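> So I've got this experimental structure, pasted below with the sequence.
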Amino acid sequence: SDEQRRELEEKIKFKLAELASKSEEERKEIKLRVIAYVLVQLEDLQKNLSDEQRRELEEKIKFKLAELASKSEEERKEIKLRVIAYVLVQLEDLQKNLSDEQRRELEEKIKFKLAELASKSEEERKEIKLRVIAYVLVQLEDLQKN
Ligand SMILES: [Cl-]
Ligand code: NA
């Protein structure tokens with residue numbers, strides 16, 4: 001819906017507003033936490049998905065990454081922030097809708113991905129970030145069909 005689109009835009013920009021007061025060190029940590037969370041959610045979804053469904057989505061990520069290459073650093077920074085805020089919206093929902101147990105394993109699953117991400121080189125680290133941004137833009141584009 002258009003009225004449904006407008007509500008999600010407000011939420012994204014509202015979430016971004018809480019980011020303005022946080023510090024570059026806090027913001028770096030939030031960015032890294034968001035990435036790790038998208039990664040566990042990615043991994044979990046690849047289990048429950050087909051060999052063909054995994055090819056189709058992998059190419060969806062790549063086509064999205066190609067659109068990003070077409071954009072200016074200003075737009076790319078904007079896009080990066082929208083995705084991060086949109087993920088933070090879900091993390092808010094997630095934080096309310098599950099109890100201390102489900103919260104627990106997720107934190108651990110987050111912690112592993114952060115560990116896995118720290119062990120990577122800088123080129124690969126940058127590559128994972130961008131794929132995570134592209135993937136969220138993918139599912140964001142699917143949801144933005146309703
Ligand atoms: Cl970026
Ligand atoms: Na690496």
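Done, it's in. Numbers count the residues shown, from 1 in each chain. Ligands and ions are numbered 1, 2, ... in the order given.
> For the helix or strand hosting residue 82, what is the distance to the chain centroid?
Under the criterion of DSSP states H and E, residue 82 resides in helix 73-97. Distance of helix 73-97 from the chain centroid (CA atoms, centre = their mean, to the nearest Å) equals 6 Å.
> Counting neighbours, what do you get for residue 66?
10 (other CB atoms under 10 Å). Bear in mind the C-beta positions are built from the backbone N, C-alpha and C, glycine included.
> returning to what we had before: list the contacts of the helix holding residue 82.
Here helix 73-97 makes contact (CB atoms under 8 Å, 6 or more residues apart in numbering) with 8, 11-13, 15-16, 18-19, 30-31, 34, 37-38, 68, 71, 103, 106, 133, 136-137, 140.
> Tell me what angle whatever helix or strand comes next after that helix forms with helix 73-97.
Downstream of helix 73-97, the next assigned helix or strand under DSSP H and E is helix 100-118. Interaxial angle of helix 100-118 relative to helix 73-97 (axes from the mean of the first three to the mean of the last three CA atoms, to 10 degrees): 150 degrees.
> and the protein, which of its residues are near ligand 2?
120-121, 124 (CB under 5 Å from the ion).
> Same list (those residues) but as a markdown table, adding secondary structure.
Putting the residues of the chain next to ligand 2 into a markdown table (DSSP: H, G, I helix; E, B strand; the rest coil) gives the following:
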| residue | secondary structure |
| --- | --- |
| 120 | coil |
| 121 | coil |
| 124 | helix |
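> what's the closest of those to ligand 1?
residue 124 (15.4 Å; CB to the ion).
> wait, what's in contact with the closest one?
Counted by CB under 8 Å, 6+ apart, residue 124 has zero contacts.
> ok, back up a step: quick check, the helix holding residue 82 touching ligand 1?
Yes. Judged by CB under 5 Å from the ion, helix 73-97 and ligand 1 are in contact via 76, 80.
> And the buried ones among the contacts of helix 73-97, selectable in PyMOL?
Those of the contacts of helix 73-97 that count as buried under 16 or more other CB atoms under 10 Å are selected in PyMOL with:
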select buried, resi 12+15+30+31+34+37+38+106+133+136+137+140
